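[1] before I ask anything, here's the sequence and the deposited coordinates:
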Amino acid sequence: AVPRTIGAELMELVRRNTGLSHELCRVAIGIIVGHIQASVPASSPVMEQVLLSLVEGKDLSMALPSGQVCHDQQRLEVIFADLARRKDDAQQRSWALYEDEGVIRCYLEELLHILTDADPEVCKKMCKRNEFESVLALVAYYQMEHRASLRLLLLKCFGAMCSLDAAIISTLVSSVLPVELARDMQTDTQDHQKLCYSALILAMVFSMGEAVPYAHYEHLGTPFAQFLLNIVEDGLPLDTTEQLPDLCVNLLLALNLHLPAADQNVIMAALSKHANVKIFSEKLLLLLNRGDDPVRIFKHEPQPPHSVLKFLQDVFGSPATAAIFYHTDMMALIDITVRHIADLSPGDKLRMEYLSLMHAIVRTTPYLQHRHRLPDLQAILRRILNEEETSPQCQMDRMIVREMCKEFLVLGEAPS
Amino acid sequence: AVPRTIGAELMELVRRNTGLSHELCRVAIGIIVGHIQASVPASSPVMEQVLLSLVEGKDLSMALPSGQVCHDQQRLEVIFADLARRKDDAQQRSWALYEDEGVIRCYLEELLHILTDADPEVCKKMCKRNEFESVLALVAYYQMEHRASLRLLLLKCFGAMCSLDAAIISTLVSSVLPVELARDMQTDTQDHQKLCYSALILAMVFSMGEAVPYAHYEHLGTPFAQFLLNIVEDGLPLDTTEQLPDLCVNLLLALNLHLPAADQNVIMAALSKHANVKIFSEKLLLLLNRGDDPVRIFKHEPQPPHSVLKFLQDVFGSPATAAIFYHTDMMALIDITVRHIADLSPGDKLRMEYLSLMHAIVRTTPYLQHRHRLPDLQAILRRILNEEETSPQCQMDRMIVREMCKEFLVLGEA
Amino acid sequence: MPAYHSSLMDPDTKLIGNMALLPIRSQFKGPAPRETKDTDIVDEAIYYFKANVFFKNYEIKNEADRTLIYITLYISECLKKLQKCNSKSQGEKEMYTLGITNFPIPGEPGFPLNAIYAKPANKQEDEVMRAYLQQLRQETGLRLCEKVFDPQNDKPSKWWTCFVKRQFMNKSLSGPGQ
């Protein structure tokens, strides 16, 4: 019989020289052993090829070699070591003497491949080790590095890390990286590529909705929110892809995701004070109409609220921001939500959110003086209130209708 | 026992779903079965023969189990079919209506990968299919296309194709492609990226020294040579990498390689007429000092002459072009020759060429006026004519010394 | 529709395979008799060539069309060599060495029109039509070499070499098997 670790040996021994992506490396071995298991029937009855297949079929996840650490670990060892030194070579970071851009860039190029073509467990473990030592090393180095040619690869490396585990996201949220990125964007509007990645990474970083150091809002407060509204409302001459408006809409949704209320909200105070929010008003409805959440760019499981439903509930929480919308836009909003509340089946998490957003719209807009879809709303609220389903979320849906109709007796009245 | 095609069954199957480059695919097969048979030698009655079946170069290489067509062949057929079907769409190629850049870009960049990731012998077999129709149609499309983006990918394809086979090169040289590249460069100096690739592909095709249609000289001759000399002397404001100076040196060396005779040579007229060439002069000697030949970029079998030696022998073939060197460069040229001629072991074919270059220099420069390194030259010529080996190249060296010595008896020590 | 077809099918003129052994006004050695009229089948082909290559359908009237078409296919091949030639002297020497090469004959593989020419069955057919087709080639190349080179400079003239790309109904006497 074959040594019962053979498949974990092959999984690394093939990557050592093919350079394959780890996920394809599993397939590349599986297919050849799978074929020879058929094309020579003499090879399957002996455990060899069945065992070669089964050893790849790890118990749930497994890739432990019989001995020394895999080639991917050894590269992360050397790369994170060398950057960790260059971070603190105080005589070279300032008062530079040797040429080092070439060597550093090669290290970052390689790192970015390992984070994207190696085993996620090995990368995840290596970033976690020593309580995220090497994550903070890159962040501190990114703060003091000023050559934009190098900064751009650090952004990409941080992106690949964000995909890797929510715990790394939380570290980058808590670190200086976001508040440095905001300062960069507000200062150096002349690198369209760096601007796009800066916006994307902030959206990636905040995508898990955790609270930040209060020190962050010196920059991430209203002046940055006003900056983002301007980028969406008329953009930049360099944005020949017209790509920043989308990234900045995505960013405001992620920035707001962690704030607790509408009154203190540093984003909503920007919308209130901005001169005219024509384009942002429109783009927000095109997203709500489809009803997807752009901020859930990753698969991490303890997911936050649906970002756009959240952002709209935070808009309508005060009369000053309820005036954001043009009349025709708010008519289309009531139509879109009155549709989504009807079509969602019982027990869906999201049906409560549209119910809450109607409650917000009813309570703070001039709704009962124009009544745009009030017959159709009542006909649905009739059904929702009578709904005989008994799950906890269904009970909560029925309760918020009881709150809504008790506040506004025009709701729940008999049909005309 | 093993089904005796298994090695070709496996090699295709892995490429199909991995996308590996073909050499890496072979490596993947070799290591996987190798490592199991190292772990359990009792697998040898199957694993040895599975390995042994893989050992094919072109002999039964990619043998069909039965009637299969490997994925790379399928895609090459589809691409060359569709590119032709677009090239002849005479309505769309002059009175455009449909949007077509995207689909063409995808087909071209897919082609470029297959020409470099797949088995070269398949790629050859599809290019040379019906008297190079696949190649010549794609060339005719390049003359007709004018989107700069699409032009740039076509050049990359032509290079990969040019790498495959001298039969493809000689087709490209004989077709229209060189003329359009030279016309493009003289007129559209602004696309630095296309300009660099244009000079590269143009030097690649000429690298075999094939004779061109005389109609080509109309564009390729003296006007174009002056244009290249201006770039290598003066540069262009848009070149921040200085690649054009080096590429234009290589391109002049490539075009000269095929020209016969000496006096009427269209490049030599340009060197004669150009106003004080000098950067080209000292760049050229730095090639001779190392002795490499930038034009031999491909391993194709019938190796043409050493391009730099050929070029200098042309330059000194006449007194009007011999004058281009500065006096300090002339001395170093003599120093470099006298060293190589002395260093080269007997029977090296190059030693004939250095002998001939020295012969040309003495006949057309005022050498006997300045006599630099003359004692060393006498001693080495005295040696070579007294060297005692018998192979034809040693005889050829010995003969050139005799004819050079009798023309200039001072070189014999009188 | 009507491309140019051979004029000189005299009933006296013998056939081999499906080709008519028309007399030739040539100093080259070969089995067909010596022509004495001003026009000749090689000159029909050379006179028609510029017009004939543009037509895309060609209906065989007789064996002489299967003969004259062969010349035009060979002219569309000799133009490939002489466009590269620096001088008329080079071309004339080159062309002599071109025509003596062993081009395929009817039904021998790679010959482009196996559907339309039948192979000679016997030595006295085969050897004689080789000896005929050879002298046709030899003469045909030389007659181009007299008129494609402009006499002012021996430039192989633009007006003739323009046709090199325009193969006769996409048929190559080089043959598609190579």
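    That came in fine, so what should we check first? Residues are numbered from 1 along each chain as shown, chains lettered A, B, ... in the order given.
[2] please make it C-alpha for all contacts and neighbour counts, starting now.
    Fine.
[3] which residues are in contact with the residue in chain C positioned nearest to chain B?
    Using CA to the nearest CA, residue C:84 is the residue of chain C that sits closest to chain B, at 4.0 Å. By CA atoms under 8 Å, 6 or more residues apart in numbering or on different chains, the contact list for residue C:84 reads B:211-214.
[4] hmm, 6 Å instead?
    Contact analysis of residue C:84 by CA atoms under 6 Å, 6 or more residues apart in numbering or on different chains lists B:212-214.
[5] run through those and flag the ones next to chain C.
    When those are filtered against chain C using CA under 6 Å from any CA of the partner chain, the residues retained are B:212-214.
[6] residue C:78: which of those residues is nearest?
    Within those, the smallest distance to residue C:78 is 13.0 Å, found for residue B:213 (CA to CA).
[7] in strands only, show me the ones next to chain C among the contacts of residue C:84.
    Judged by DSSP state E, these include no members of strands.
[8] show me what the biggest helix by length in chain C is in contact with.
    Criterion DSSP state H: the longest helix present in chain C is helix C:123-145. Applying CA under 6 Å, 6+ apart, the set of residues contacting helix C:123-145 from outside is C:30-31, C:95, C:99, C:120.
[9] could I have the buried ones of those residues as PyMOL selection syntax?
    Buried subset of those, written as a PyMOL selection, criterion 16 or more other CA atoms under 10 Å in any protein chain shown:
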select buried, chain C and resi 30+95+99+120
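[10] will you turn the contacts of helix C:123-145 into a markdown table that also has distance to chain B and secondary structure?
    What follows is the contacts of helix C:123-145, written out as a markdown table (distance: CA to the nearest CA, whole Å; DSSP: H, G, I helix; E, B strand; the rest coil):
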| residue | distance to chain B | secondary structure |
| --- | --- | --- |
| C:30 | 32 | coil |
| C:31 | 33 | coil |
| C:95 | 15 | helix |
| C:99 | 20 | helix |
| C:120 | 27 | coil |
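[11] can the contacts of helix C:123-145 go into a markdown table with extra columns for distance to residue B:307?
    Converted to a markdown table, those look like this (distance: CA to CA, whole Å):
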| residue | distance to residue B:307 |
| --- | --- |
| C:30 | 46 |
| C:31 | 49 |
| C:95 | 30 |
| C:99 | 33 |
| C:120 | 51 |
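[12] farthest pair within the contacts of helix C:123-145?
    Using CA to CA, the contacts of helix C:123-145 span at most 27.1 Å, a distance reached by C:95 and C:120.
[13] out of the ones next to chain C among the contacts of residue C:84, which is nearest to chain A?
    Proximity of the ones next to chain C among the contacts of residue C:84 to chain A (CA to the nearest CA) peaks at residue B:212, which lies at 43.2 Å.
[14] mind listing what the closest one touches?
    By CA under 6 Å, 6+ apart, the contact list for residue B:212 reads B:174, C:84.
[15] could you pull up phi and psi at it?
    Main-chain dihedrals, residue B:212, degrees, to the nearest 10: phi -100, psi 160.
[16] hang on, the earlier thing: now do the longest helix of chain C: distance to the chain's middle.
    Relative to the chain's own centre, helix C:123-145 is displaced by 9 Å; criterion: CA atoms, centre = their mean, to the nearest Å.
[17] and residue A:95, how far from chain B?
    From residue A:95 across to chain B, the span is 27 Å (CA to the nearest CA, to the nearest Å).
[18] that's a strand at the residue of chain C closest to chain B, yeah?
    No. Applying DSSP: H, G, I helix; E, B strand; the rest coil, one finds residue C:84 to be coil, outside a strand.
[19] by proximity to chain C, which residue of chain A wins?
    Counting by CA to the nearest CA, chain A gets nearest chain C through residue A:39, at 36.8 Å.
[20] for the spatially most central residue of chain C, which non-adjacent residue is spatially closest?
    Centroid-nearest residue in chain C, with CA atoms, centre = their mean: residue C:71, separated by 1.7 Å. In space, and not counting its chain neighbours, residue C:71 is closest to residue C:45: 6.3 Å by CA to CA, 6 or more residues apart in numbering or on different chains.
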